[PDB]
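Undergrad: Got a file for you: input-v9.pdb, PDB, C-alpha atoms.
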ATOM      1  CA  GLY A   1       0.000   0.000   0.000  1.00  0.00           C
ATOM      2  CA  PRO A   2       0.886   3.736  -0.189  1.00  0.00           C
ATOM      3  CA  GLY A   3       3.469   5.436   2.109  1.00  0.00           C
ATOM      4  CA  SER A   4       4.547   4.341   5.641  1.00  0.00           C
ATOM      5  CA  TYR A   5       0.846   4.144   6.755  1.00  0.00           C
ATOM      6  CA  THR A   6      -0.308   1.588   4.048  1.00  0.00           C
ATOM      7  CA  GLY A   7      -3.566  -0.503   4.331  1.00  0.00           C
ATOM      8  CA  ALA A   8      -5.512   1.470   1.628  1.00  0.00           C
ATOM      9  CA  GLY A   9      -7.081  -1.767   0.180  1.00  0.00           C
ATOM     10  CA  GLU A  10      -9.546  -1.717  -2.789  1.00  0.00           C
ATOM     11  CA  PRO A  11     -12.328   0.891  -3.567  1.00  0.00           C
ATOM     12  CA  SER A  12     -15.781   0.149  -2.029  1.00  0.00           C
ATOM     13  CA  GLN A  13     -19.424   0.527  -3.136  1.00  0.00           C
ATOM     14  CA  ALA A  14     -19.624   2.750   0.022  1.00  0.00           C
ATOM     15  CA  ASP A  15     -17.314   5.299  -1.769  1.00  0.00           C
ATOM     16  CA  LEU A  16     -18.862   4.939  -5.258  1.00  0.00           C
ATOM     17  CA  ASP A  17     -22.629   4.888  -4.412  1.00  0.00           C
ATOM     18  CA  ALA A  18     -22.295   8.157  -2.399  1.00  0.00           C
ATOM     19  CA  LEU A  19     -20.611   9.910  -5.400  1.00  0.00           C
ATOM     20  CA  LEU A  20     -22.890   8.375  -8.116  1.00  0.00           C
ATOM     21  CA  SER A  21     -26.134   9.597  -6.406  1.00  0.00           C
ATOM     22  CA  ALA A  22     -24.798  13.189  -6.521  1.00  0.00           C
ATOM     23  CA  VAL A  23     -24.160  13.019 -10.340  1.00  0.00           C
ATOM     24  CA  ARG A  24     -27.433  11.061 -10.986  1.00  0.00           C
ATOM     25  CA  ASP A  25     -29.314  13.939  -9.220  1.00  0.00           C
ATOM     26  CA  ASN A  26     -27.255  16.544 -11.251  1.00  0.00           C
ATOM     27  CA  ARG A  27     -25.539  17.992  -8.094  1.00  0.00           C
ATOM     28  CA  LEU A  28     -22.091  16.712  -9.279  1.00  0.00           C
ATOM     29  CA  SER A  29     -20.366  17.137 -12.735  1.00  0.00           C
ATOM     30  CA  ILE A  30     -18.930  14.392 -15.021  1.00  0.00           C
ATOM     31  CA  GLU A  31     -15.491  16.148 -14.780  1.00  0.00           C
ATOM     32  CA  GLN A  32     -15.739  16.509 -10.959  1.00  0.00           C
ATOM     33  CA  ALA A  33     -16.784  12.819 -10.514  1.00  0.00           C
ATOM     34  CA  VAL A  34     -13.585  11.851 -12.478  1.00  0.00           C
ATOM     35  CA  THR A  35     -11.274  14.159 -10.394  1.00  0.00           C
ATOM     36  CA  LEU A  36     -12.730  12.991  -7.001  1.00  0.00           C
ATOM     37  CA  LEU A  37     -12.363   9.260  -7.983  1.00  0.00           C
ATOM     38  CA  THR A  38      -8.584   9.020  -8.557  1.00  0.00           C
ATOM     39  CA  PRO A  39      -9.165   6.860 -11.720  1.00  0.00           C
ATOM     40  CA  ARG A  40      -7.795   3.319 -12.325  1.00  0.00           C
ATOM     41  CA  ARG A  41      -5.905   2.528 -15.614  1.00  0.00           C
ATOM     42  CA  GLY A  42      -8.309  -0.401 -16.345  1.00  0.00           C
ATOM     43  CA  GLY A  43      -9.495  -3.916 -15.368  1.00  0.00           C
ATOM     44  CA  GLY A  44     -12.353  -6.472 -15.687  1.00  0.00           C
ATOM     45  CA  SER A  45     -12.995  -8.086 -19.134  1.00  0.00           C
ATOM     46  CA  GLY A  46     -13.477  -6.929 -22.783  1.00  0.00           C
ATOM     47  CA  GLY A  47     -11.837  -3.552 -23.655  1.00  0.00           C
ATOM     48  CA  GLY A  48      -9.728  -2.843 -20.512  1.00  0.00           C
ATOM     49  CA  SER A  49      -9.202   0.936 -21.242  1.00  0.00           C
ATOM     50  CA  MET A  50     -12.731   1.886 -19.982  1.00  0.00           C
ATOM     51  CA  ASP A  51     -12.056   5.391 -18.545  1.00  0.00           C
ATOM     52  CA  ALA A  52     -14.019   7.089 -15.705  1.00  0.00           C
ATOM     53  CA  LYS A  53     -15.082   9.922 -18.125  1.00  0.00           C
ATOM     54  CA  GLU A  54     -16.815   7.428 -20.474  1.00  0.00           C
ATOM     55  CA  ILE A  55     -18.328   5.505 -17.487  1.00  0.00           C
ATOM     56  CA  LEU A  56     -19.873   8.680 -15.947  1.00  0.00           C
ATOM     57  CA  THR A  57     -21.020   9.967 -19.404  1.00  0.00           C
ATOM     58  CA  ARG A  58     -22.933   6.686 -20.116  1.00  0.00           C
ATOM     59  CA  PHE A  59     -24.219   6.351 -16.492  1.00  0.00           C
ATOM     60  CA  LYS A  60     -25.645   9.933 -16.491  1.00  0.00           C
ATOM     61  CA  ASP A  61     -27.197   9.488 -19.998  1.00  0.00           C
ATOM     62  CA  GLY A  62     -28.778   6.149 -18.787  1.00  0.00           C
ATOM     63  CA  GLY A  63     -26.749   4.029 -21.309  1.00  0.00           C
ATOM     64  CA  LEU A  64     -24.957   2.244 -18.372  1.00  0.00           C
ATOM     65  CA  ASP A  65     -26.431   0.473 -15.280  1.00  0.00           C
ATOM     66  CA  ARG A  66     -25.484   1.544 -11.691  1.00  0.00           C
ATOM     67  CA  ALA A  67     -23.985  -1.942 -11.051  1.00  0.00           C
ATOM     68  CA  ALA A  68     -21.855  -1.688 -14.252  1.00  0.00           C
ATOM     69  CA  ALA A  69     -20.774   1.902 -13.365  1.00  0.00           C
ATOM     70  CA  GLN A  70     -19.606   0.768  -9.872  1.00  0.00           C
ATOM     71  CA  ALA A  71     -17.856  -2.350 -11.323  1.00  0.00           C
ATOM     72  CA  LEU A  72     -15.965  -0.483 -14.103  1.00  0.00           C
ATOM     73  CA  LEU A  73     -14.919   2.402 -11.736  1.00  0.00           C
ATOM     74  CA  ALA A  74     -13.612  -0.223  -9.224  1.00  0.00           C
ATOM     75  CA  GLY A  75     -11.703  -2.027 -12.091  1.00  0.00           C
ATOM     76  CA  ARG A  76     -13.778  -5.315 -12.173  1.00  0.00           C
ATOM     77  CA  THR A  77     -16.675  -6.993 -14.102  1.00  0.00           C
ATOM     78  CA  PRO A  78     -20.361  -6.566 -13.022  1.00  0.00           C
ATOM     79  CA  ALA A  79     -22.446  -9.619 -11.913  1.00  0.00           C
ATOM     80  CA  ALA A  80     -26.091 -10.886 -11.907  1.00  0.00           C
ATOM     81  CA  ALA A  81     -28.074 -14.071 -10.990  1.00  0.00           C
ATOM     82  CA  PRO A  82     -27.906 -16.577 -13.983  1.00  0.00           C
ATOM     83  CA  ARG A  83     -31.679 -17.399 -14.143  1.00  0.00           C
ATOM     84  CA  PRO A  84     -33.236 -19.725 -16.838  1.00  0.00           C
TER      85      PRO A  84
END
Let me see whether you can do it: turn the structure in this file into structure tokens.
TA:
Amino acid sequence: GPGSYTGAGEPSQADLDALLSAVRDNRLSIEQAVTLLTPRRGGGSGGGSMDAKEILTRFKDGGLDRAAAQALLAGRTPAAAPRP
């Protein structure tokens, strides 16, 4: 982890869901939600270079689900129950 203090771990839904409600309600900007994140370089599956700017732009337009927005900002794949 970072510095002499370490223990920073991985980003939580408790950090993301608080920020995403403010941009969903148009209190918070796309550019501000990228600068307050400290963006990851990539992760998950498919095209790995999925940037926070594109994630917030699609989430605010309604082209991305809240679960997918949280997953891609955290640097992982989203999940659902595999029903018949």
Undergrad: For CA of residue 22 (chain A) and CA of residue 48 (chain A), quote the distance in Å rounded to one decimal.
TA: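 Between CA of residue 22 (chain A) and CA of residue 48 (chain A) the gap works out to 26.1 Å.
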Undergrad: What residues come out when you apply the PyMOL selection byres ((chain A and resi 63-78) around 9) to this file, written as a list in words?
TA: residues 10, 11, 12, 13, 16, 17, 20, 37, 39, 40, 41, 42, 43, 44, 45, 48, 50, 51, 52, 55, 56, 57, 58, 59, 60, 61, 62, 79 and 80 of chain A
Undergrad: If you measure from CA of residue 34 (chain A) to CA of residue 15 (chain A), what distance in Å do you get, rounded to one decimal?
TA: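 Interatomic distance here is 13.1 Å.
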Undergrad: Using Å and a single decimal, report how far CA of residue 81 (chain A) sits from CA of residue 18 (chain A).
TA: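 It comes out at 24.5 Å.
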Undergrad: Please determine, counting all atoms listed in the file, which residue among A:33, A:38, A:1, A:8 has the shortest atom-to-atom distance to residue 21 (chain A).
TA: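 Closest to residue 21 (chain A) of all the choices is A:33.
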